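Please read the structure below before turning to the comments.
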Amino acid sequence: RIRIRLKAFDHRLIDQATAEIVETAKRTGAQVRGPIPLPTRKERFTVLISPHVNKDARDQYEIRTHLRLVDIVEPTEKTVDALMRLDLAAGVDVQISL
Amino acid sequence: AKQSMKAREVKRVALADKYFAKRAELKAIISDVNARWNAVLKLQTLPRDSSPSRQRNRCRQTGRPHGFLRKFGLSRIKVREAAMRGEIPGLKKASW
Amino acid sequence: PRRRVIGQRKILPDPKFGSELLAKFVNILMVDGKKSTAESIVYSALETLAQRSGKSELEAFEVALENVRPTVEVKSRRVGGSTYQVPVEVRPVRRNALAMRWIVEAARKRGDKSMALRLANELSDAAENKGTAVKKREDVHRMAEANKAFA
Amino acid sequence: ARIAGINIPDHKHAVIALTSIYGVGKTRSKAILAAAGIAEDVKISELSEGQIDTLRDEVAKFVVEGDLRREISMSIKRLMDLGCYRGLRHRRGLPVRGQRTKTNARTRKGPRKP
Amino acid sequence: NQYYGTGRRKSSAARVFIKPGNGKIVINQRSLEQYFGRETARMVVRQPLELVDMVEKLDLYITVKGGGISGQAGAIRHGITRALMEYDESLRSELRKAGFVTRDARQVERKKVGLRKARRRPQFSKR
Amino acid sequence: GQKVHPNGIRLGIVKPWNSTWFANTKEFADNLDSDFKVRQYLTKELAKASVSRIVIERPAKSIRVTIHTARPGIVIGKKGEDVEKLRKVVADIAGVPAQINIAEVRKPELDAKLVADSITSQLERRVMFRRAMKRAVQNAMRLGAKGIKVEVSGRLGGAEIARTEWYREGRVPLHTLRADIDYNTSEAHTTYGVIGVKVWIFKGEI
Amino acid sequence: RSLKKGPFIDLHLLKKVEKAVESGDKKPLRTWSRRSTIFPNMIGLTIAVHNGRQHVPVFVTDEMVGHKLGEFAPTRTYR
RNA sequence: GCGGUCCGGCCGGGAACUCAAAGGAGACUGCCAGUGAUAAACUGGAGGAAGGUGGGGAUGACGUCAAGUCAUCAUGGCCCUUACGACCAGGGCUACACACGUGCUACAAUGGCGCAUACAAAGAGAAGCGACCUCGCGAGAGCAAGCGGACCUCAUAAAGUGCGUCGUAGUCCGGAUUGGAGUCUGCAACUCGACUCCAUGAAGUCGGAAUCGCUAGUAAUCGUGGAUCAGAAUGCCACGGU
């Protein structure tokens with residue numbers, strides 16, 4: 001009924017933010033479906049490190065995308081409420097849309 | 001990196017939308033299977049630099065027409081410049 | 001390989017008759033890794049080897065092989081600016097091992113019209129030993145032994 | 001089985017042989033055997049002079065044989081006489097279709113010498 | 001009662017169910033040879049049964065996907081044996097000598113930055 | 001020229017990011033350029049302020065920014081004077097509101113960018129560079145610290161020869177991922193070219 | 001084979017092919033649109049094109065209905 | 001293992017299995033034996049999913065070459081300055097008697113081409129991927145559903161396997177090239193793009209001197225995505241079959 005794709009870059013921060021949305025939903029509301037890991041999108045970028053020529057040098061970089069599902073089965077006026085406003089934690093993304 | 005070559009894109013950007021795109025849409029339904037009247041491919045004499053390709057994308061801190069990535073916007077050397085100091089979020093040395 | 005003396009990678013036996021040696025060959029013949037199309041011309045080129053020779057089958061390969069198994073060879077060296085190449089007996093495992101490289105090498109040249117055939121005519125050319133392999137078992141028997149004075 | 005052009009292409013399958021003429025390729029090697037009531041894997045080793053004289057009147061549509069030898073040549077001289085570029089090459093010994101030439105470009109030049 | 005084991009190999013993971021019936025088998029809902037049971041991977045699947053008895057003693061429902069042929073078949077052989085333990089640990093003892101228990105570490109090596117592919121080093125001039 | 005950046009490699013551990021936020025390709029660059037656009041300016045206005053680090057975090061269409069310094073006092077003004085003007089402009093770049101942190105720095109003797117800048121000025125102030133580095137190291141060991149090492153490069157004290165002197169003391173495991181090492185460049189322009197000062201300060205275990 | 005469906009030319013040049021059939025064809029033309037094709041409404045025209053240095057004169061003959069207006073203006077000079 | 005099927009995990013349903021992602025456990029020569037001082041260690045064995053730094057990254061010391069980079073950029077000094085600056089259009093860098101280098105494709109039957117059909121991993125996506133139906137032989141064009149995405153699209157992967165053509169013959173190989181006829185993005189493709197389609201078919205029938213890579217899931221062979229990008233990769237980066 002209410003999906004909640006929470007995504008971030010640090011593994012021990014994406015499921016420490018989920019560890020909240022849940023301890024809140026399973027508070028002012030209920031149901032919930034426990035956290036669901038989801039595949040991780042690791043996007044690498046291989047670049048040349050020498051300011052000039054020297055191709056075989058290169059510095060390989062990558063950004064990791066961690067996901068969470070949450071997925072609340074039984075919404076709540078009290079839960080869809082406090083849901084908004086309070087959220088804190090800078091650096092994570094939230095998406096509940098359909 | 002030649003203030004001039006820089007402004008060349010800024011003019012190709014400020015001119016690509018305030019004109020092209022806005023009225024450049026005059027080549028879709030218009031310039032297609034609609035039937036022919038000459039009204040079409042004709043009033044084609046707007047700017048020049050204003051184009052969806054008339055650009056090279058250049059580092060926001062230098063202007064190196066090569067090794068420029070969108071995802072970060074900057075150019076490889078300026079990228080690493082950041083990288084090694086947090087600078088680019090959740091970005092670190094890859095390995096596997 | 002300098003200080004580290006290794007060993008050998010005993011490969012999986014055959015997928016029909018069940019045999020090591022048998023296998024090695026199958027690979028020897030394989031190229032570009034098409035082990036399928038390879039063994040597809042292995043047993044198929046061995047079907048008519050169980051017909052023309054007649055001698056059983058499981059050994060219709062072995063016996064014919066014994067005709068390409070040398071006991072001595074050569075080897076380049078360099079002592080003071082020459083070669084002083086001194087022969088030597090081929091290890092029990094390297095012996096027949098070589099045998100296969102050649103037997104097939106004769107199939108790599110014998111340009112007929114079909115591989116499986118460019119294979120048997122030689123394996124059978126081992127029953128009465130006279131192929132480019134059994135005679136190849138002479139280029140070493142003649143080359144070596146001539147410079148045997150150093151053995 | 002001379003047919004159409006003096007060329008006497010034979011001792012080859014249907015869809016096969018046919019492509020021996022100057023102007024006959026794979027594509028137009030079935031576009032005709034599929035509009036004359038003829039098969040494909042058929043060897044002329046059983047072709048009555050009847051199922052052929054009908055395959056002979058077919059090629060009579062698109063320029064082939066000598067007709068095409070000077071048909072394309074017609075444009076050959078043309079494009080040249082014009083005095084453009086795409087013609088320049090031919091009257092020189094250099095690749096027409098914009099190919100580079102800092103090196104390789106032999107197919108439209110000739111075996112190196114010096 | 002149902003019998004099973006996982007077993008996988010080089011990106012080819014499989015699930016194997018033993019059902020005390022017949023040598024007959026149905027991997028991924030489609031008979032043996034009706035899939036690949038004849039290619040290089042011929043009796044490869046039987047192998048884990050060589051050192052034992054079957055033919056019409058035990059049926060089995062297989063399931064695998066992902067990777068390649070000989071790879072999948074491998075997992076198969078893996079599941080089969082790590083599923084055949086159920087009868088006892090006494091057979092897995094004599095079934096290890098066939099190293100069927102061993103999970104194949106072997107895997108495609110990553111192509112480093114510099115070579116044409118994994119180990120292939122691009123040819124450089126004389127000197 | 002063959003050593004990896006100490007900080008940037010430890011990023012997966014001990015040393016955290018300096019830019020903590022998240023976005024999508026669609027506007028990841030416009031943010032990156034947005035971010036490192038505030039730093040450039042904020043640092044300038046605080047030169048004589050003894051800064052050393054500027055952490056930026058974007059909490060969904062917003063911004064915080066934590067300014068580090070052992071010299072915080074005169075970075076705020078008369079009870080909020082200075083800091084104010086800053087936030088003002090700060091916000092006026094990206095397009096979203098702004099707030100700003102104020103992180104002190106007890107003991108600048110051990111902070112990278114500080115000891116590194118604590119010299120780039122020394123040099124332009126035509127002082128004995130070989131006295132700057134000897135200084136650093138010592139009064140760096142003085143108050144704790146397990147390892148510390150300073151490096152300088154370019155026309156030293158006047159020359160046409162490009163030399164680079166170093167000076168370590170203590171213990172610095174630059175190769176041990178889990179070791180806490182703070183490193184920071186610090187350029188200084190003089191009357192005859194640019195000079196380079198790159199410090200390294202080892203502090204802990206796990 | 002290139003311009004999808006329907007050729008292409010200039011505008012600051014069209015007032016010279018149309019204005020060359022009513023006022024009598026005058027001296028060669030001097031624009032910079034080799035990119036244009038050869039419309040039968042040019043036949044004979046005194047056409048020229050600046051290619052690096054000067055404008056090379058040519059005569060829009062007969063059968064040349066579908067070809068550019070630059071192929072006849074080599075810029076690279078050798079020998 | 002369960003019930004309902006318009007047999008599509010399709011719908012109840014079920015958390016077992018695959019997988020997904022967090023936190024664990026495990027291998028240390030630890031055990032036995034041999035050689036080796038009763039040492040270190042190497043060899044062999046047991047158990048073990050994995051041994052003997054399990055495989056693979058990342059990591060590259062004091063230093064050498066006043067190496068390379070002052071066109072990434074910053075920078076001492078120097079020089080120009082109604083100027084080597086700067087605005088615009090066209091054109092070269094994609095020119096070419098040539099030698100060299102790294103490459104893609106071949107020189108074929110362990111292979112071409114036709115039909116049938118079975119198995120990847122990895123990655124990207126909205127000023128984007130764009131089903132399905134629909135127009136062409138085809139590249140595409142129309143209608144436009146879905147997807148900021150383990151939900152949809154980009155891909156029906158290739159070798160491969162079962163018959164079928166062929167017969168070892170420059171040939172049903174190989175694809176340069178030239179013309180004609182068409183497709184796509186763009187202000188605009190002639191000098192300069194990319195792709196399809198109809199005709200055409202060299203050289204090369206495997207290579208002297210010499211030389212390069214590779215000791216494992218590696219060499220070789222086989223496809224796949226990605227960065228930049230408006231559009232043009234046999235290049236590069238990354239993936240995975242045998």
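We label chains A, B, ... in the order they appear in the structure tokens, count residues from 1 in each chain, and number ligands from 1 in the order shown.
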
Tell me, counting only C-alpha atoms, for each residue of chain C within 10 Å of chain E, which pair of atoms is nearest and how far apart they are in Å to one decimal, in rows ordered by chain and increasing number, as CSV.
residue,atom,partner,partner_atom,distance
C:15,CA,E:42,CA,7.1
C:16,CA,E:43,CA,8.0
C:35,CA,E:40,CA,7.8
C:36,CA,E:40,CA,5.9
C:37,CA,E:40,CA,9.3
C:38,CA,E:40,CA,9.9
C:39,CA,E:40,CA,7.9
C:40,CA,E:40,CA,8.8

Residues from the last selection, N, CA and C atoms, saved as a PDB file, in the first residue's frame:
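Output below, filename part_1.pdb:
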ATOM      1  N   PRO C  15      34.684 -39.073 -21.157  1.00  0.00           N
ATOM      2  CA  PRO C  15      33.228 -39.043 -20.972  1.00  0.00           C
ATOM      3  C   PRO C  15      32.430 -40.052 -21.818  1.00  0.00           C
ATOM      4  N   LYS C  16      32.886 -41.305 -21.846  1.00  0.00           N
ATOM      5  CA  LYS C  16      32.222 -42.382 -22.596  1.00  0.00           C
ATOM      6  C   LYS C  16      32.894 -43.726 -22.306  1.00  0.00           C
ATOM      7  N   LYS C  35      35.951 -27.733 -27.288  1.00  0.00           N
ATOM      8  CA  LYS C  35      36.039 -29.108 -26.788  1.00  0.00           C
ATOM      9  C   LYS C  35      34.865 -29.969 -27.260  1.00  0.00           C
ATOM     10  N   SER C  36      33.734 -29.326 -27.543  1.00  0.00           N
ATOM     11  CA  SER C  36      32.547 -30.034 -28.017  1.00  0.00           C
ATOM     12  C   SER C  36      32.797 -30.532 -29.440  1.00  0.00           C
ATOM     13  N   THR C  37      32.872 -29.599 -30.387  1.00  0.00           N
ATOM     14  CA  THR C  37      33.128 -29.943 -31.782  1.00  0.00           C
ATOM     15  C   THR C  37      34.408 -30.766 -31.866  1.00  0.00           C
ATOM     16  N   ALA C  38      35.256 -30.627 -30.850  1.00  0.00           N
ATOM     17  CA  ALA C  38      36.512 -31.358 -30.787  1.00  0.00           C
ATOM     18  C   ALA C  38      36.236 -32.835 -30.531  1.00  0.00           C
ATOM     19  N   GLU C  39      35.660 -33.148 -29.375  1.00  0.00           N
ATOM     20  CA  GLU C  39      35.360 -34.538 -29.065  1.00  0.00           C
ATOM     21  C   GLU C  39      34.262 -35.048 -29.986  1.00  0.00           C
ATOM     22  N   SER C  40      33.692 -34.140 -30.776  1.00  0.00           N
ATOM     23  CA  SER C  40      32.645 -34.497 -31.731  1.00  0.00           C
ATOM     24  C   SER C  40      33.312 -35.098 -32.964  1.00  0.00           C
TER      25      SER C  40
END

- Query: For chain A, which residues have at least one atom within 9 Å of chain B, if we go by only C-alpha atoms? Write them as a ChimeraX atom specification, please.
  - Reply: /A:8-10,44-45,47-51,59-65,91

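Relative to atom CA of residue G:76, atom CA of residue G:53 is found at 10.2 Å.
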
Taking only C-alpha atoms (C1' of nucleotides) into account, what are the residues of chain A at most 9 Å from chain H, put as a compact mmCIF listing (two decimals) with N, CA, C and O atoms, in the first residue's frame?
# COMPACT_ATOMS: atom_id res chain seq x y z
N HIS A 11 26.76 1.76 3.53
CA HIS A 11 25.97 0.61 3.95
C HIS A 11 25.52 0.70 5.40
O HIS A 11 24.36 0.45 5.70
N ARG A 12 26.43 1.06 6.30
CA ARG A 12 26.08 1.16 7.71
C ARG A 12 25.52 2.54 8.06
O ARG A 12 25.85 3.13 9.09
N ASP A 15 21.01 1.40 6.38
CA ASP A 15 20.21 0.51 7.22
C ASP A 15 20.30 0.91 8.69
O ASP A 15 20.14 0.09 9.60
N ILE A 36 13.93 -4.76 3.42
CA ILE A 36 14.28 -5.62 2.29
C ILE A 36 15.49 -5.02 1.60
O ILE A 36 15.39 -3.99 0.95
N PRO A 37 16.66 -5.68 1.72
CA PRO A 37 17.93 -5.24 1.13
C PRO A 37 17.94 -4.59 -0.27
O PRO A 37 18.29 -3.42 -0.39
N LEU A 38 17.58 -5.34 -1.31
CA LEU A 38 17.59 -4.81 -2.68
C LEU A 38 18.99 -4.78 -3.31
O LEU A 38 19.97 -4.47 -2.63
N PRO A 39 19.09 -5.07 -4.61
CA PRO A 39 20.39 -5.07 -5.29
C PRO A 39 21.12 -3.74 -5.12
O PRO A 39 20.50 -2.69 -4.99
N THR A 40 22.45 -3.79 -5.13
CA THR A 40 23.28 -2.60 -4.98
C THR A 40 23.87 -2.16 -6.32
O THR A 40 24.57 -2.93 -6.97
N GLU A 43 28.45 1.86 -9.43
CA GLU A 43 28.84 2.50 -10.68
C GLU A 43 30.29 2.96 -10.63
O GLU A 43 30.63 3.90 -9.91
N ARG A 44 31.15 2.30 -11.40
CA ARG A 44 32.56 2.66 -11.43
C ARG A 44 32.87 3.62 -12.57
O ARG A 44 32.11 3.72 -13.53
N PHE A 45 33.99 4.32 -12.43
CA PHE A 45 34.48 5.27 -13.43
C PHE A 45 36.00 5.13 -13.53
O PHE A 45 36.71 5.47 -12.59
N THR A 46 36.51 4.63 -14.66
CA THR A 46 37.96 4.49 -14.82
C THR A 46 38.55 5.72 -15.52
O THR A 46 38.15 6.04 -16.64
N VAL A 47 39.48 6.40 -14.87
CA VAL A 47 40.09 7.60 -15.45
C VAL A 47 41.62 7.58 -15.50
O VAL A 47 42.26 6.79 -14.82
N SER A 50 47.51 10.70 -15.01
CA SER A 50 48.63 11.55 -15.42
C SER A 50 48.16 12.82 -16.12
O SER A 50 47.35 12.76 -17.05
N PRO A 51 48.66 14.00 -15.69
CA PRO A 51 48.24 15.25 -16.33
C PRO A 51 48.49 15.30 -17.83
O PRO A 51 48.01 16.21 -18.51
N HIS A 52 49.23 14.33 -18.35
CA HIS A 52 49.55 14.26 -19.79
C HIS A 52 50.01 12.85 -20.15
O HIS A 52 50.86 12.27 -19.47
N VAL A 53 49.45 12.31 -21.23
CA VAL A 53 49.79 10.96 -21.69
C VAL A 53 49.90 9.97 -20.51
O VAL A 53 49.38 10.25 -19.42
N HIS A 66 23.05 1.83 -2.04
CA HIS A 66 22.37 0.87 -1.19
C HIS A 66 20.87 1.17 -1.11
O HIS A 66 20.48 2.33 -0.95
N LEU A 67 20.05 0.13 -1.20
CA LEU A 67 18.60 0.29 -1.15
C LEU A 67 17.91 -0.37 0.04
O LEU A 67 18.46 -1.27 0.68

Q.
Taking 4 positions as the minimum chain separation for residues in the same chain, which residues sit within 12 Å of residue D:103 when counting only C-alpha atoms (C1' of nucleotides)? Answer as a list in words.
A.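 The contact residues come out as residues 94, 95, 99, 107, 109 and 112 of chain D; 95, 96, 97, 98, 99 and 100 of chain H.
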